[PDB]
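For reference, the structure is listed below as structure tokens.
Start at 1 and go down the list; that is how both ligands and their atoms are numbered. All values below come from the heavy atoms of this structure, side chains included, with hydrogens, waters and symmetry mates left out. Heads up: numbering here begins at 1 and tracks the sequence.
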Amino acid sequence: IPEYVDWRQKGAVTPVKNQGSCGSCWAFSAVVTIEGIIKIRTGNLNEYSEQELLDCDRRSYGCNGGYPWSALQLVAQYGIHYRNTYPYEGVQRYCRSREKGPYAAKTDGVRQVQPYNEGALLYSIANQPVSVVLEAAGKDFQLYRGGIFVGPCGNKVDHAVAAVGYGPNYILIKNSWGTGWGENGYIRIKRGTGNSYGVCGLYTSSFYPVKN
Ligand SMILES: *[C@@H](C(=O)O)[C@H](O)C(=O)N[C@H](C(=O)NCCCCCCCCN)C1CCC1
């Protein structure tokens with residue numbers, strides 16, 4: 001795999017979103033990977049509905065949080081609608097998939113990256129954007145305004161994001177805190193420190209959708 005990957009340069013990444021006060025990071029994370037894999041396989045970049053996952057993933061807990069892998073499972077079982085058909089409201093409501101017509105996209109499954117393994121995550125990122133989790137509770141993360149982020153942070157992962165690239169010394173992350181945070185909404189987190197958990201626990205739990 002190459003020294004640099006940046007799925008934004010391949011046109012596989014939609015604009016940065018703001019999840020708002022809702023604990024919907026798991027759905028935003030999942031949607032990034034869906035937008036990525038659909039562009040990679042079909043050549044079309046579309047935005048898909050975080051709200052639908054928020055409303056419809058019965059294994060997750062809406063704005064109280066949830067699981068990227070569950071959301072990715074739901075898109076593989078059922079599918080997902082376009083974002084403009086099912087826009088983000090920042091509150092869990094009832095699942096309205098059936099009221100909004102045919103699904104716009106569907107994946108074929110979800111795979112987990114081997115945890116605690118930097119190389120395994122990089123390999124997945126070279127193939128497509130990946131859902132990853134990190135510890136975002138620390139003030140250093142929240143106040144990040146740019147640069148390669150080294151912490152401080154623990155490994156109490158609490159925030160799902162999407163890895164959309166990497167470089168020799170970093171993994172490039174699309175956050176869901178709007179364009180005012182970090183580097184136009186992105187963070188570069190140091191890699192290669194030999195910490196098996198990754199910086200801020202970044203290697204704890206990573207998933208990506210499969211689309212044949
Ligand atoms: C992330 C965000 O910033 O929006 C959001 O908090 C999240 O999904 N985090 C997530 C998580 O904590 N998952 C478990 C939620 C349990 C809620 C329990 C509700 C019932 C209680 N009786 C994980 C993936 C990122 C860390």
ask   = Would you say the side chains of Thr33 and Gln128 form a donor-acceptor pair under 3.5 Å?
value = no
key: Greater than 12 external heavy atoms within 6.0 Å of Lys100's NZ   = yes
Where does ligand 1 get N/O contacts under 3.5 Å from the protein, atom by atom?
from: ligand 1; atom 1: 3 (O); to: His159; atom 2: ND1; distance (Å): 2.7
from: ligand 1; atom 1: 4 (O); to: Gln19; atom 2: NE2; distance (Å): 2.8
from: ligand 1; atom 1: 4 (O); to: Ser24; atom 2: N; distance (Å): 3.2
from: ligand 1; atom 1: 4 (O); to: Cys25; atom 2: N; distance (Å): 2.9
from: ligand 1; atom 1: 8 (O); to: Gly66; atom 2: N; distance (Å): 2.9
from: ligand 1; atom 1: 8 (O); to: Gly66; atom 2: O; distance (Å): 3.3
from: ligand 1; atom 1: 9 (N); to: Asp158; atom 2: O; distance (Å): 3.4
from: ligand 1; atom 1: 13 (N); to: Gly66; atom 2: O; distance (Å): 3.3

message = So, using ring-ring contact (aromatic ring centres under 6.0 Å, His included) as the criterion, who are the partners of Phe28 when residues are at least two apart?
response = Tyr88
task = With sequence neighbours left out, write down each residue that passes disulfide bond (SG atoms under 2.5 Å apart) with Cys25, or none if nothing qualifies.
result = none
ask   = Do we see a donor-acceptor contact under 3.5 Å between the side chains of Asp55 and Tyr86?
value = yes
query = For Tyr67, which residues count as a ring-ring contact (aromatic ring centres under 6.0 Å, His included) partner, sequence neighbours excluded?
reply = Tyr61, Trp69
